[PDB]
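# Coordinates in review
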Amino acid sequence: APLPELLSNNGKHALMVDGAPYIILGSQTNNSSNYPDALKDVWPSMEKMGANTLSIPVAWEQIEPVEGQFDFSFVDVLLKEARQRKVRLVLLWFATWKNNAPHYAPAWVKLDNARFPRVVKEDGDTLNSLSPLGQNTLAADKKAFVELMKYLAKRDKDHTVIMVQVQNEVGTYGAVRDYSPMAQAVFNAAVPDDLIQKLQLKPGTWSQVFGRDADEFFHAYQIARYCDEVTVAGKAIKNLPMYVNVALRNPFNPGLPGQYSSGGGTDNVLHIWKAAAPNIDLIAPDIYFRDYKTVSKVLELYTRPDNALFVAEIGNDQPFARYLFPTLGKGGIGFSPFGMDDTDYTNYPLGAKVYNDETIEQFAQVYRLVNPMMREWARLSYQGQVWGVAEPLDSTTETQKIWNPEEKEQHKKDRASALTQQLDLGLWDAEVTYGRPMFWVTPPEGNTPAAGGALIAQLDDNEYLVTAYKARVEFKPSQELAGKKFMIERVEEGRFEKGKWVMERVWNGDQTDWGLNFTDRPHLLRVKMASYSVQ
Ligand code: NA
Ligand code: NA
Ligand code: NA
Ligand code: NA
């Protein structure tokens, strides 16, 4: 069985699993489900969701509760139960940092500050965040991580585990960096040549080179070097893909480092992280912004020639489900809503106020569009041209409903324009619209709540794979046609069996007169367009 691998070529990416591109249609447990007794409350949600991959913590405190005394009993049960359900796993190594803090480090780590030191603020107070310059802390984390990877090397030959997250939301809240004597000695000293070279900057100390950014860039660099060393040590045992997940700063209006988690892979320090940690496969955003513009900005910033897009976490409230479409449209390798278990917890206001079957169903509905073509989509995303869009107005607020005669008419025109998206597919364009009948051309009014989206993959110059949700998709020529006319040549609904297209029916007549109209039900279409002479 070939190792999973992240491939990067011509600014595109694939997560290879069993020798072909793979899409993580993911779900992540709540933070306290990493025990055998809790798995009963995880699997039903995962089945209801139709997820193909489970993200779940493996805690340093549980594998090494007494120094040198390893316990992999949780990993044994998890591997067995995952294999029984024919799903894959992403293990989340909760160790030196989990949300900036050492709460998941063993008692013998997190209660020994002298051996395993904390960030010291400028004012001399201590924060509950382990310093990335703690050399004992790095050696201990690395040692335990190596034992976890040795367990997988010996006990996971078919790679049930496809990827490992190293730490969880690293950084520091309440200070920009470590100002300890140990840290100041490194801050005051030369910026390492390797960083100075990769960023093409003039040599000097951190303050000289980075000015107003020296504190933040220094924390980012030391944490990236720490995480890179743990990653290299684990890969030397078994070379799985490994990644870090970011406690995002607001990309538009971030405020100050330490209000957000300073030193994590935030948008302003991706250049430091990529320079400092070449062994970490990707930097994954954890998305809890609900509003379309900010989520779209995060997807743009984290999709780079040097960075595969993996939405390692997203809120589990209804508005987040539609972001699967732009994630995959950007060539994303996966998408993993957070808190998908029945362990009596909700992270509202980040996620759903209520966790029930309806919560899960909002993600199940969009996964049902991708599951039937997962391997074909993954190959097209890597090897070719894909597109994906989500409904670009958020649900109307109570404010807007009350606080909104000729204006009503104007407001409806502005919303209809905003709810109309253009995609350039080469010789053909698609126009995607949201919240309108399946017949005639009444302008779009949006879904209540906002929920729609569309996926398109190019099969050939004039042929597209299309699936969409609570939306209309219409094709037109991309360029003026010089006397020719155009039509849909053929729309087929079907599926892939053993990688071969099987037609179920032809969409025609009402079904293609008014664009291609999708509801909540899955339909996978092959759309062939034609220009023709009327000479
Ligand atoms: Na891709
Ligand atoms: Na074009
Ligand atoms: Na064009
Ligand atoms: Na079908």
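Residues numbered from 1 in each chain as written, not as in the entry; some residues may be left out. Chains lettered and ligands numbered in written order. Heavy atoms only, no water. Residues with missing side-chain atoms left out of burial classes, pairs and counts.

This entry, as listed in the PDB, derives from X-ray crystallography and reports a resolution of 1.5000 Å.

For strand β19 (residues 471–477), a buried count of five out of seven residues is recorded, marking the element as mostly surrounded by other parts of the structure. Relative to β19, strand β16 (residues 428–433) runs antiparallel, the two being bridged by six bridges. Note that in β19 the partner of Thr 433 across the bridge is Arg 472. When β19 meets strand β22 (residues 516–518), the two strands line up antiparallel, connected through three bridges. Within β22, the residue paired with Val 473 across the bridge is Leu 516. (Buried < 20%, exposed > 50% of the residue type's maximum accessible area, 1.4 Å probe, protein only. Helix = DSSP H or I, 4+ residues; strand = E, 2+ residues; numbered from the N terminus. Pairing = 2+ DSSP bridges.)

Glancing now at the pattern of salt bridges. Where side chains of opposite charge bring their charged atoms close, a pairing between them can arise. In this structure the tally under the stated criterion is 28 salt bridges. Between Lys 150 and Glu 147 there is a salt bridge, with the nearest N and O atoms lying 3.0 Å from each other. A residue pair is termed a helical-turn pair when its members lie 3 or 4 positions apart in one helix, as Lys 150 and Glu 147 do in helix α5 (residues 135–155) at three residues. Assessed through its relative accessible area of 23%, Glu 147 is described here as partly exposed. (Salt bridge = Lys/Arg side-chain N within 4 Å of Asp/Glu carboxyl O.)

On to the coordination of the sodium ion (ligand 1). For the sodium ion (ligand 1), every protein donor is listed as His 13 (O), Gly 331 (O) and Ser 381 (OG), and the spread of their distances is 2.4 to 2.9 Å. Site description for the sodium ion (ligand 1): donor spacing in sequence, H-x317-G-x49-S. Within this pair, whereas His 13 is found in strand β2 (residues 12–17), its partner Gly 331 is found in the loop between α12 (324–329) and β13 (334–337), the two being separated by 318 residues in sequence. Taking the relative accessible area as the measure of exposure, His 13 reaches 9% and is therefore buried. On the basis of relative accessibility, which here comes to 15%, the residue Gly 331 falls in the buried class. (Donors = N, O, S within 2.8 Å, 3.2 Å for Na, K, Ca; no water.)

Here the focus is the coordination of the sodium ion (ligand 3). The textbook angles at a metal center are 109.5 degrees for a tetrahedron of four donors and 90 or 180 degrees for an octahedron of six. Taken together, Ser 478 (O), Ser 478 (OG) and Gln 479 (OE1) make up the protein donors of the sodium ion (ligand 3), found 2.4 to 2.8 Å from the metal. In this structure, the sodium ion (ligand 3) is positioned 3.5 Å from the sodium ion (ligand 2), and both are ligated by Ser 478.

You can see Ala 451 is positioned in the loop between β16 and β17 (453–460). Assessed through its relative accessible area of 8%, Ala 451 is described here as buried. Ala 451 sits 69 residues away from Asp 520 along the chain, and the two C-alpha atoms are 9.6 Å apart. When neighbours within four sequence positions are excluded, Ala 451 is seen to be in contact with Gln 318, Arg 322, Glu 391, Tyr 469 and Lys 470. (Contact = heavy atoms within 4.5 Å.)

Here we have eight strands rolled up into a closed barrel, ordered β4-β5-β6-β9-β10-β11-β12-β13, and parallel in their pairing. Mean inter-strand twist for the sheet, computed between neighbouring axes without regard to direction, equals 30 degrees. Where strand β10 (residues 242–247) and strand β11 (residues 282–287) come together, five bridges link them in parallel fashion. Note that in β11 the partner of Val 246 across the bridge is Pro 285. Contacts between helix α9 (residues 214–235) and the sheet are confined to β6 (88–98), β9 (161–168) and β10, with β9 contributing the most and set at about 150 degrees to the helix. (Axes fitted to C-alpha atoms, helices over the stretch in contact; angles between N-to-C directions.)

Attention now moves to the sheet that holds strand β21 (residues 500–507). Taking strand neighbours across the sheet as the criterion, the six strands line up as β14-β17-β18-β23-β20-β21 in an open arrangement whose pairing is antiparallel. The strands lining the two open edges of the sheet, one partner per strand, are β14 (386–390) and β21. Pairs of neighbouring strands in the sheet enclose a mean axial angle of 30 degrees, with direction left out of account. Sheet topology note: the β17/strand β18 (residues 463–469) ladder contains seven bridges and is antiparallel. Bridge pairing links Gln 458 to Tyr 464 in β18. Packing of helix α13 (residues 357–370) onto the sheet brings it into contact with β17 and β18, and relative to β18 it is tilted by some 170 degrees.

With that settled, consider helix α14 (residues 374–383). Of all 10 residues making up α14, seven are buried, and the element is well covered by its neighbours. Restricting attention to buried positions, one finds in α14 the residues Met 374, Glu 376, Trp 377, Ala 378, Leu 380, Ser 381 and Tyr 382.

Turning our attention to the packing of α5 against α9. Where α5 contacts α9, the axes come no closer than 8 Å and their chain directions differ by 30 degrees. One finds that α5 runs roughly parallel with respect to α9. At the point where α5 passes α9, the crossing takes the right-handed sense. Contact with α5, carried on its side by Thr 137, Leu 138, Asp 141, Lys 142, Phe 145, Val 146 and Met 149, involves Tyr 226, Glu 229, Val 230, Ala 233 and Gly 234 of α9 and no other residues of that element. Tallied by class, the residues present in the contact of α5 with α9 amount to seven nonpolar, two polar and three charged. (Parallel < 35°, antiparallel > 145°, perpendicular 65-115°, else oblique. Left-handed = near helix turned anticlockwise from the far one by under 90°. Nonpolar A, V, L, I, M, F, W, Y, C, P; charged D, E, K, R; others polar.)

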